[PDB]
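Chains as they are written, first to last, in the deposited numbering: chain A, 15 to 395, 440 to 479, 484 to 490; chain B, 15 to 395, 404 to 429, 440 to 479, 484 to 490; chain J, 18 to 397, 403 to 430, 437 to 490; chain K, 18 to 397, 403 to 430, 437 to 490; chain L, 403 to 430. The beta-carbon is built from N, C-alpha and C at its ideal position, and this holds for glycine as well. See below for the structure under consideration.
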Amino acid sequence: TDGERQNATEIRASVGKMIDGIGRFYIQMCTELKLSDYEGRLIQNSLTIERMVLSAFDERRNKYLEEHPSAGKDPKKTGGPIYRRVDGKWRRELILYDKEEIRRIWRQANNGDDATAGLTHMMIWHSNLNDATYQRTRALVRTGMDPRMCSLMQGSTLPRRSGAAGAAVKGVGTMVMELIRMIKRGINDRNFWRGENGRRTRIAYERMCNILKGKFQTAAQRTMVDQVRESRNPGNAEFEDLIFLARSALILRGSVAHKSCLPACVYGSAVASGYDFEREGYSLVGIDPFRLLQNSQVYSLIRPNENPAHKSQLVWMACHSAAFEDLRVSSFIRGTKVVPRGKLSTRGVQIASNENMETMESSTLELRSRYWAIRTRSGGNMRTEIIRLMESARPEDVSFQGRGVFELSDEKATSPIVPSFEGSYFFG
Amino acid sequence: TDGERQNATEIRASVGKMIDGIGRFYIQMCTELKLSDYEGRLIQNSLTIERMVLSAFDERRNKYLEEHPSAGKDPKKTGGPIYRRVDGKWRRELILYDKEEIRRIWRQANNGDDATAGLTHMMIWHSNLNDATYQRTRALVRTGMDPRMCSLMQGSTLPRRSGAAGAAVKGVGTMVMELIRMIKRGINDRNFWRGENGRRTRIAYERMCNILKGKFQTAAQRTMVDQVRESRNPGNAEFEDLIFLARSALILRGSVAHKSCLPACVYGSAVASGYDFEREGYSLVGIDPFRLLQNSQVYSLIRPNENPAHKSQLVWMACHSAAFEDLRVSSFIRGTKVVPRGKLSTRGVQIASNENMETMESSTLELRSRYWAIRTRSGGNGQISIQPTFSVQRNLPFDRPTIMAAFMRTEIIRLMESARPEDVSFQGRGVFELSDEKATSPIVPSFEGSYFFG
Amino acid sequence: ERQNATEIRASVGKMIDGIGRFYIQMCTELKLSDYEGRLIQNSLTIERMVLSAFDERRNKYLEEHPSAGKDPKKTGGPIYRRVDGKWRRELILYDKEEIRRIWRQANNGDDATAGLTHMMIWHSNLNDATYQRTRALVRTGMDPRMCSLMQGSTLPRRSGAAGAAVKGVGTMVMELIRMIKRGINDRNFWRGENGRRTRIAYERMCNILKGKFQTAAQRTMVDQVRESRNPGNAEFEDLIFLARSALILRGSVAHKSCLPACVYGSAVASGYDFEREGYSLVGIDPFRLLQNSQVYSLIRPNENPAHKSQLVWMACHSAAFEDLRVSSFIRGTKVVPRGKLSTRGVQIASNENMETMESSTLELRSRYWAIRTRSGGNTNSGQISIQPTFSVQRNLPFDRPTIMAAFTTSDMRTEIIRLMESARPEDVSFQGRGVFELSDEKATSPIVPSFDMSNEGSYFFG
Amino acid sequence: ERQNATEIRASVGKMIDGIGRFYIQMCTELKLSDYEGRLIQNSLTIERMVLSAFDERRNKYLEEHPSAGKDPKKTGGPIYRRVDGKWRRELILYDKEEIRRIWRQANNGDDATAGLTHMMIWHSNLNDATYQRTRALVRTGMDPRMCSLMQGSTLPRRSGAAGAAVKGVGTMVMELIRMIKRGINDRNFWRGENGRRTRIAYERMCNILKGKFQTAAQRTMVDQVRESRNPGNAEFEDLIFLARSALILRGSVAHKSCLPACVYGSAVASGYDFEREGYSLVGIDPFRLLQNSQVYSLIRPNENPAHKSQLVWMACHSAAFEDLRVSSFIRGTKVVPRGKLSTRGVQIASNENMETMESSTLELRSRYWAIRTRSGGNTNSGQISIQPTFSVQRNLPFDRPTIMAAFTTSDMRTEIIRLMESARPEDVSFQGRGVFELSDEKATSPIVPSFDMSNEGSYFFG
Amino acid sequence: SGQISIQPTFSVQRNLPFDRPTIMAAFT
RNA sequence: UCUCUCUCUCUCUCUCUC
RNA sequence: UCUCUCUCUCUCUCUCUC
RNA sequence: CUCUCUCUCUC
RNA sequence: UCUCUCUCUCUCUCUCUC
Ligand SMILES: *[C][C]([O])[C]O[C][C][C][N]C(=O)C1=[C]C(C2=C3[C]=[C]C(=O)[C]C3=OC3=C2[C]=[C]C(=O)[C]3)=C(C([O])=O)[C]=[C]1
Ligand SMILES: *[C][C]([O])[C]O[C][C][C][N]C(=O)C1=[C]C(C2=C3[C]=[C]C(=O)[C]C3=OC3=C2[C]=[C]C(=O)[C]3)=C(C([O])=O)[C]=[C]1
Ligand SMILES: *[C][C]([O])[C]O[C][C][C][N]C(=O)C1=[C]C(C2=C3[C]=[C]C(=O)[C]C3=OC3=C2[C]=[C]C(=O)[C]3)=C(C([O])=O)[C]=[C]1
Ligand SMILES: *[C][C]([O])[C]O[C][C][C][N]C(=O)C1=[C]C(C2=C3[C]=[C]C(=O)[C]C3=OC3=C2[C]=[C]C(=O)[C]3)=C(C([O])=O)[C]=[C]1
């Protein structure tokens, strides 16, 4: 410390410049799509705008679309459902946009720089929303993993384009599933792991194994993942130890980074208010996301016979990536009880084409929390040794000793408020 | 998802390329055998052409034929019955073709590559037709298996040449029969499981045990198969143990892949119509086969005193591999009642040599379904931990008994007693309309027999 | 065990005697004098006549497609005669059927292909010691620096298993790579009856290459190369990797001393019954034959006869890729590298000025003699385990990894790389083996060389 | 292996024959006499006519944007005629479609771009031997002293891979640096469809530059330069470093003898079938062609015809950046440096006084001939390892670093600097290679030069 | 200024000359 | 019925007229 | 009535003239 | 690990 | 330019003890 103050201040400015680009670009696209103040603050509109940018910068998929065009869709144009309110009622119209025009607007909003950080930030926000809304046991069962480890699927929907930043936020289950797919492909195809492309696959297999090893904490888990990496031709045996490693993560949890990626509508509103994130700085693990959400007002489209509070809770959890967190700690921070997924009277935020966009009304999302906490990249505290470690482990050991929850008025996190604690499983 | 869209698109193109080869090959063979449009669309003619291809690429059998030639049949020529309509009457003439000539024609149609995927696709189509038409209880009894487990006989006629692709579509009962025959040969021959060949047989035994194990869903069934695999000298103990496994599959059904493999005449007509499977892609479990059959007209030979509708239903059943599926669900999708096998007034599609090919008439097959559904590779039928997100002093809870729990025969019997023939499976999944190409609005049915082979 | 050895010696001696008496008959029919009959160039011409007469497929092709201005039933070559001390070259033509009849009469009515393969190996060794094959190496995509593995690259296909043992890892890899390249260019390769035949040839060549290798990882990798139905770029790259690995973890290449037919003919005319005495291509017999034999050669103006004699010696003993220090120790005279040899090839071209050419005696004599080996060294045998004799507490030791490796990932490239990384260019192989004096016929007392003085060069082609 | 070589020779001879017969047709259509047809300036004009007719992109641009007072469908140039012993220049205009038709008829209805590239390389070599490119060097930020790497700097883009082999490391570095500078000025470079095209061009140019280099460190550094998405100042500085390193650890630049079309036309009119005999741009064929060919040139008043002939000889053999000692040894006459040549360029300007101009015969004859090389020397091939023949104890040697370097910090600048620091300007490269007499067609007996007398200069531009 | 180094054209034995102090002084 | 130690041969095609 | 520490000797036969 | 990383992908 | 909470509602496989 006393030397990392400068480093911390430098990092804050760089993140603020990314958020400023996200906000500046959203403002331009809202002004260029001709969206009113209400429609601009709709979460459905923000997702559509975000998805347009992400697809506009997908070089690989765009190339494949050019080479092998789809039916009725030219590969040079993107878009999505844009919801406009005129005369009280809501209607949806598909907007088509050149991917190059979207790219120019995004680049100009970032002072002519690619700014791949902003795109990955939006990608993490979508993954957080998907994790809190949809549970992918089909992929777990399809790959041969037990569907009970749904707590390790953090960031399973993130595309491979989010490197480094994306891998930091994704969980052990997603990393294992990626490796298991590689093993399944290698077992099926004998030419896998061989030739020039096999060498490229090998380096990818090694690198993704290395990040999985760094995700673990106990020395035993790192050594076993080290063994799995050394296998030149991994097969069923490496299949099993990865499954065992995944099961051990439920007790000896890994270190998964948690960042609060807000929807682009919140950033656009803040930038229009004159907030200079570059000057004041930003942070995805501190109070800045919480203080932004407190002063931010966002609307959503509510399907008939749906509780706005439950939808607002879903967005609140996705914003802070609390999908797999303890319900008691999530409830304590928010101030209103967080209900498990099975008891939520709501469907996903995104509205499908086959849905009659005429009985849909809009509601204000309550994305405000009574308390605020710091997001953690840490967990808590051969093979027989691994089983021995989790036998000693009990579901009562106290973690994060002395670390609590602060007040929105306590911007320096000086006085923690330790909670004292009936379910605790969102997907249970 | 959003990353598996690309992979889904890749697979669609690869299967579409296979379908294109079959159609391109069929068109080439039709113009080389000099068949008109009606004869080109005959299912019997397509069967002969498909079988000629499969025999031309049978490397092992062809080698055996060369070494030990049959009587009056040179091992370099293949063929079959080709039916031509002259002056309104039908006649059959046996066509002989060089296997090298057929192999070259097939390879040229697939851009010079072997494309064994197209061959396995045709073999699956023949297997589906055999399953819907003929019931092999004689093989079940001869291996010692109870003749009642005919629901697990999916792909029992598939040759060993169909690996992976063929093995995925074959069922638990057929897999068990393969294991049993291996066991019987070991019991009869002491040299089995010993010597250089015994090593090869052991690896083959291991591989098909693993794929059989992956076919099951309950943990108890998988553990039971794992024990049988470990046996170095399998005998009656594994014989009985596998028999129990097959009986258990009737209640705790395994995962059998179901694909709609159509006759090559359908693909040939589609390709000749300018249709590009490689461009728009294809899928054997989606709406593509259903949409193809709606626009496709196929003729067949109908023997005297045979209901054309019943033969068409048999071909419809074979096309979608619904031989062992519920009659009520099949009747709902087709739109016309599906009859059990015992009430089908028709014999097999393939015509015999000894049959008087002069009282035979041809009819159009009604291979049209009112609805379309997704074929399943699955049979019948929460969170236990936490991941901290905030820096708080809480305790990270986990379900200790369940996590550490995962670290025989009475258990299996207990599982099936709890199961009853009323549990709803595939909850919320229904049948779509032909106009609904995106599978948006399912139509859940409300439901006298339900056994085809009953 | 001794009886089989004596029959093997008798059979090899029978082949040598047939070659020698054929040379005597050819010298009688060509009206060559003793000096002209001892010339290495005349013997080269005669041997090439034999090989071209019995090249059945080439003869048939020549009959079907005649050559330009040549009779397809006649062989020939340059025969050199000395008139008044001046050498002159002559092109004399012999019927192929006459040559075949003479050769068969030499081997007692038998078309002994073993002697033909022996002459083929002699020519291959001479070409290996004289000419480098870097252009063919570069064309096939292999580094020009693996010339040490290219032994027997000029051996034709008709040599068979006898010549296959002589050709090194580099030549086999090159031939397999040529096959893979042909398959890559044309897909109709590996299809049809020709496809089945070439698949069988590919399998056989892969199997003999696998037999060449010593370590288990190399054998596993060549096995994986063999198992591919349509070998493509990956198998060609794996073959290149194996060829490079053969530089450190060497292979089992068989080395034999195949002398020119002039020496055998002189020995047979002297009265040496190879059938009764017996001959070995890996023992003292070639050394003993070369010590008391006189061979003449044609020296072009401004050439060093010592360098030509050294070249012929290296060719005779197949020591082209041998360490220069051990070769010099065995020869007693410094074996100069190829770059500093002021001499061209043995054979004389048709355009040379046959008026300034001279004749020199070849010094094919060595101080020591050594056993020629098939092994390429140690790769890192003996006693693995202890059998207890005394009832004492003691740990009972055994080499567990070696025993277990015969009772057991799929990427053996990493294992091969690790094995070569462990090796150092200072390990001693062939431990306890030395060079024997010429009087030590039974190879009883070995002499171990101590190369620990100032360093000479080690690579002939360096 | 020989068949491919003879087809290559036949193809090159076909190109040469096409060029020569085109020159004959052009001389017939221009009504030039024999002397005027052998003038090097007239041949330069005719070749430039050919190149401008087939410059498709420039022709299209000229059609879209016409030049000032010029027909965009007509080429031309100075044609010199002798009347009463006085030389006069003429500007005659030919339709581009007529020139294209004549060229295609010369190559048998084919638009053989190989001959056009040959003439392009001849012009580039002449410009390299005549004019220095220091201003362009300084503008791009490279030292004016790396002129030895600027071979082929005047070659246009349409030459392609054939001309890419001829251009040196300096020109490729200069073009890449121009691209980087354009990217630095405007960020819209490397963006859009033009951005994708220029990224592909940058990758291809980096790859051929990497192929030019020899040592592994230089290849790794150019690979690192290629991998940058937005190359900036760092990659431009690294390119400058590589260019400076190329002065000691030289690159692989291909040198070919591309003669003026007058020589080819005279040879074709004489009756030399290049198709049957075959032609090589790196062997004796250009030397043999130049020895018996007569070429005339225009000498401005107060000039030395010997110096002009030496300049044309250097241009013909692409020996501009060659050591003066070896060039003089091959030529037999002293190759004077550029500073002491009392001569200007070959081409005559339009403002010159065409009444005092004279004509001189060019002495394009050399005493010796040598093989033109692509290699830039040794950087510090052969036999890496020993294959044991004799069963003797011995250490088995191999070159461990060389074998291992193909099986394996990230700052290779230090390694490159160390490699160049080890080198000295006294090492002998191309060992055992010499200069052959003109009668030695097959390159059998080499002559090694001994430059160990009083020192002459070595750099042409020094 | 001038030409510091030689670029070989002919395959002849020869020493390849360069101005070592001038090249090295830019690397110290 | 030929010749040779030691890759330098040949097709590679061009961001823009420059 | 013989000799020896430490497998390498020998038959293996060739996709095509190359 | 109460904040100290990120300029993207087998592109 | 898709859709979905909670067992495969689509993710093939480049053929055989040859
Ligand atoms: C054991 C052993 O024997 C095995 O082997 C294997 C190899 C051999 N083969 C060869 O060579 C060949 C083959 C063939 C064929 C084929 C191929 C491929 C596929 O896929 C199929 C097939 O089929 C067949 C054949 C033959 C014959 C018959 O009959 C069939 C060929 C062709 O085809 O051509 C060639 C070669
Ligand atoms: C890998 C191989 O195969 C290929 O490669 C290629 C390379 C070169 N090029 C490139 O890359 C480019 C790209 C681009 C783009 C971009 C850039 C950057 C970022 O970040 C993003 C992006 O995105 C996109 C693109 C394109 C297209 C689309 O769609 C998208 C470019 C531009 O943009 O311009 C160029 C080039
Ligand atoms: C293929 C490989 O092996 C390589 O090849 C090349 C080298 C070797 N050789 C061979 O093989 C051959 C050769 C030949 C020839 C000849 C022979 C004999 C005589 O006498 C002469 C001759 O000539 C020649 C040749 C070739 C080429 C040229 O150029 C010349 C042959 C024939 O001829 O046939 C064969 C083989
Ligand atoms: C069979 C087994 O055991 C192996 O064998 C071989 C080794 C041992 N030995 C034996 O047994 C024997 C020997 C012999 C001999 C002898 C004897 C005695 C004496 O004295 C001398 C002798 O000599 C000899 C022998 C053999 C061989 C040779 O080479 C020489 C015998 C007889 O002789 O009989 C027997 C036995």
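Margin query: DSSP three-state label for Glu-320/K, please.
Written below: Here residue 320/K refers to the residue found at position 303 of the fourth sequence. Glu-320/K: coil per DSSP, three-state reduction.
Note to self: Short of 7 Å Cβ to Cβ, which residues in the stretch 191-210 of chain K face chain A?
What the structure shows: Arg-204
Item checked: Residues of the stretch 161-191 of chain A with Cβ closer than 8 Å to any Cβ of chain B, in chain order -> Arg-162, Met-163, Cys-164, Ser-165, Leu-166, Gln-168, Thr-171, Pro-173, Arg-174 and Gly-185
Margin query: Applying the 10 Å Cβ sphere with the 16-neighbour rule, what's the burial state of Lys-103/J?
Written below: Your numbering for residue 103/J matches position 86 in the third sequence. Burial call: exposed.
Check: Residues of chain K with CB under 7 Å from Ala-427/L, in chain order?
Finding: The sequence position of residue 427/L within the fifth sequence is 25, counting from 1. Going along chain K, no residue has its Cβ under 7 Å from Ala-427/L, so there is no contact; the nearest lies around 11 Å.
Next item on the list: Just the C-alpha distance for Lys-48/J and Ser-377/J, rounded to the nearest angstrom, thanks.
Entry: The residue given as residue 48/J occupies position 31 in the third sequence. The residue given as residue 377/J occupies position 360 in the third sequence. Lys-48/J and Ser-377/J: Cα-Cα distance of roughly 21 Å.
Margin query: I'd like the span of the alpha helix (DSSP H) that includes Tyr-52/B, first residue to last.
Written below: Along the second sequence, read from residue 1 onward, the residue named residue 52/B stands at position 38. Element bounds for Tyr-52/B: 51-54.
Note to self: Assuming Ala-271/J and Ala-337/J are in contact, meaning their beta carbons sit under 8 Å apart, how far apart are those beta carbons, in whole angstroms?
What the structure shows: For the purposes of this step, residue 271/J is taken as residue 254 along the third sequence, with counting starting at 1. For the purposes of this step, residue 337/J is taken as residue 320 along the third sequence, with counting starting at 1. About 14 Å; that fails the 8 Å criterion.
Notebook entry, point to check: Are the stretch 25-37 of chain J and the stretch 283-301 of chain J touching by the rule of at least three beta carbon pairs closer than 8 Å?
Noted result: yes
Notebook entry, point to check: Any heavy atom of ligand 2 closer than 7 Å to the CB of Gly-362/K?
Noted result: On the fourth sequence, residue 362/K is found 345 positions in, with the first residue counted as 1. No, since every heavy atom of ligand 2 falls outside the 7 Å radius drawn around the Cβ of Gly-362/K.
Checklist line | the stretch 110-140 of chain A: positions lying closer than 7 Å to chain K by Cβ | finding: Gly-126
Next item on the list: Please confirm if the stretch 46-66 of chain K is in contact with the stretch 87-107 of chain K, defined as three or more CB-CB distances below 8 Å between the two stretches.
Entry: yes
Checklist line | Heavy atom of ligand 4 within 7 Å of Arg-98/J beta-carbon | finding: Locating residue 98/J in the third sequence gives position 81, where the first residue counts as 1. For ligand 4, not one heavy atom lies less than 7 Å from the Cβ of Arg-98/J.
Notebook entry, point to check: How is the alpha helix (DSSP H) around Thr-215/A delimited, first residue to last?
Noted result: Translated into the one-based positions of the first sequence, residue 215/A becomes position 201. Element bounds for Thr-215/A: 209-229.
Check: Can you tell me whether DSSP reads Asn-202/J as helix, strand or coil?
Finding: Counting from one through the third sequence, the residue named residue 202/J turns up at place 185. Looking at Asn-202/J - three-state DSSP - the assignment turns out to be helix.
Next item on the list: Would you grab the beta carbon distance between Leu-466/J and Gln-308/J for me? Rounded to a whole angstrom, and I think it's under 8 Å.
Entry: Against the third sequence, residue 466/J aligns to sequence position 438. Against the third sequence, residue 308/J aligns to sequence position 291. About 6 Å separates the two Cβ atoms, so the contact holds.
Next item on the list: Confirm the yes/no value for this check: CB of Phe-39/B, any heavy atom of ligand 1, distance under 7 Å.
Entry: Position 25 of the second sequence holds residue 39/B. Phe-39/B: no, Cβ never under 7 Å from ligand 1.
Note to self: Taking the straight line between their C-alpha atoms, what separation do you get for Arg-98/B and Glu-380/B?
What the structure shows: Stepping through the second sequence from its first residue, residue 98/B is reached at position 84. Stepping through the second sequence from its first residue, residue 380/B is reached at position 366. Taking the straight line joining both Cα atoms gives about 22 Å.
Item checked: Sequence-distant residues of its chain with Cβ nearer than 6 Å to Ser-326/A (five each side left out) -> Within the first sequence, numbered from 1, the residue matching residue 326/A stands at position 312. Excluding residues within five positions, the ones whose Cβ falls inside 6 Å are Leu-379 and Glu-380.
Notebook entry, point to check: Using a Cβ-Cβ cut-off of 6 Å (strictly less than) and excluding sequence neighbours within five positions of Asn-144/J, which residues of its own chain qualify?
Noted result: In the third sequence, counting from the first residue as 1, residue 144/J sits at position 127. Hits under 6 Å: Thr-171.
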